[PDB]
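Protein chains in written order, with the authors' numbering: chain A, 4 to 136; chain A', 4 to 136. A prime marks a further copy of an entry chain. Note that beta-carbon positions come from the ideal geometry of N, C-alpha and C, so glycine has one too.
There are 2 protein chains.
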Amino acid sequence: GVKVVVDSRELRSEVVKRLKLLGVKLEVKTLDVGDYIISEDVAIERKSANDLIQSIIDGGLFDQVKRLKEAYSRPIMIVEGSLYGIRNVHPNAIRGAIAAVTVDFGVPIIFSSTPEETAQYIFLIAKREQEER
Amino acid sequence: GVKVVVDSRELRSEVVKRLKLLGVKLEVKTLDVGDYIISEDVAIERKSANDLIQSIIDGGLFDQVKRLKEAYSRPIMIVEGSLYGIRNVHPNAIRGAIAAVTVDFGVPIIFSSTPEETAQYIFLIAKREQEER
Ligand SMILES: [Ca+2]
Ligand SMILES: [Ca+2]
Numbered sequence: 004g005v006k007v008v009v010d011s012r013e014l015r016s017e018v019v020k021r022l023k024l025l026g027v028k029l030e031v032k033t034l035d036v037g038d039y040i041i042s043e044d045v046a047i048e049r050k051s052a053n054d055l056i057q058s059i060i061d062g063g064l065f066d067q068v069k070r071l072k073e074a075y076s077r078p079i080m081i082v083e084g085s086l087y088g089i090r091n092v093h094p095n096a097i098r099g100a101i102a103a104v105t106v107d108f109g110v111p112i113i114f115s116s117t118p119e120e121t122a123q124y125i126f127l128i129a130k131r132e133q134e135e136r
Numbered sequence: 004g005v006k007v008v009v010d011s012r013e014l015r016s017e018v019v020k021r022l023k024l025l026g027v028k029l030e031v032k033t034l035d036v037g038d039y040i041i042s043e044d045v046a047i048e049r050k051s052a053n054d055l056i057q058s059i060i061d062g063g064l065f066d067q068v069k070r071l072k073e074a075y076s077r078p079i080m081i082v083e084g085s086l087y088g089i090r091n092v093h094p095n096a097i098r099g100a101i102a103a104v105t106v107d108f109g110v111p112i113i114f115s116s117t118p119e120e121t122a123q124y125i126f127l128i129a130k131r132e133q134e135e136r
């Protein structure tokens, strides 16, 4: 039985449904930053491909990552959905953003195809955290 | 004109062709570790989705990442090709491996759909390295 804190806004998501099916014990809180907290250091920010693209368009992505890093020593970003075929932005803009966050800011960016996969990632990371704590 | 060192085995790849089209000046060397060296600290390991899966099956992925980290302070892994629909392995095995490399080992894992995209990533990172050096 792994324990994960979930931000109130994610409560009725399909991610939460899968986490519950996986046996995760969820504690609800309204977080200023982050969507799923695994430990005092590990926090996960769930972001749809569309919202990632929008944050690049509006130039707010880096402020977002900064806020995550300042709140957690080991933040993780799970980008959910395909980033391909999503016009309104040159591929280099998306690639450049990804490279900046992962290599410069040092914040891992794990890609998920569905909310279920996002839950599976949260679950496996939380399980490792529990076993290693 | 950005400069990148490329391992001899990558010389006739489509990645090298695109890098040359992008104006990158390549110096060929036979590297013990890594495929493309951007700086004394930044090195890139190009790995096909199939080879990543195989390394998980044979349990050699972590040794590979260890070798990269010991050779470069800021290594990067570019996984080229789709990891979905590639049976012979449960999705959790791939997810778990990705999470371990990016979160535990702290080695960024950038996903590329083609050798051309891999070149575009190498190029943009190398350009930033040059501008910031
Ligand atoms: Ca979110
Ligand atoms: Ca390689």
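Exposed is the label assigned to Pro-94/A', since fewer than 16 other Cβ atoms lie within 10 Å of its Cβ. Interface annotation, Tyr-87/A: in contact with chain A', CB-CB separation under 9 Å. Those residues whose C-beta sits under 6 Å from the nearest heavy atom of ligand 2 are, from N- to C-terminal order along the chain, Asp-38/A', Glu-48/A', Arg-49/A' and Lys-50/A'. In the structure shown, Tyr-87/A' adopts coil according to DSSP, grouped into three states.
Distance from the Cα of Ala-46/A is smallest, within the candidate group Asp-38/A, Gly-26/A and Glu-134/A, for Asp-38/A. In the structure shown, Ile-81/A' adopts extended strand secondary structure according to DSSP, grouped into three states. Less than 9 Å divides the Cβ of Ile-113/A from the Cβ of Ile-101/A'. In terms of beta-carbon proximity, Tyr-75/A' stays away from the interface with chain A, with every pair separated by 9 Å or more. In terms of side-chain proximity, the C-beta atom of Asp-61/A is found no nearer than 8 Å to any non-hydrogen atom of ligand 1.
Not one heavy atom of ligand 1 lies closer than 8 Å to the C-beta of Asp-66/A. Contact between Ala-122/A' and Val-82/A' is absent: CB atoms are separated by about 15 Å, not below the 8 Å threshold.
For a Cβ distance threshold of 7 Å, residue set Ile-113, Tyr-124, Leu-127 and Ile-128 of chain A lies close to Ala-102/A', ordered along the chain. Residues of the region 52–79 of chain A whose Cβ lies closer than 8 Å to any Cβ of chain A', in chain order: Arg-77 and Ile-79. For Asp-54/A, no beta strand (DSSP E) encloses it; the enclosing alpha helix (DSSP H) starts and ends at 52–60.
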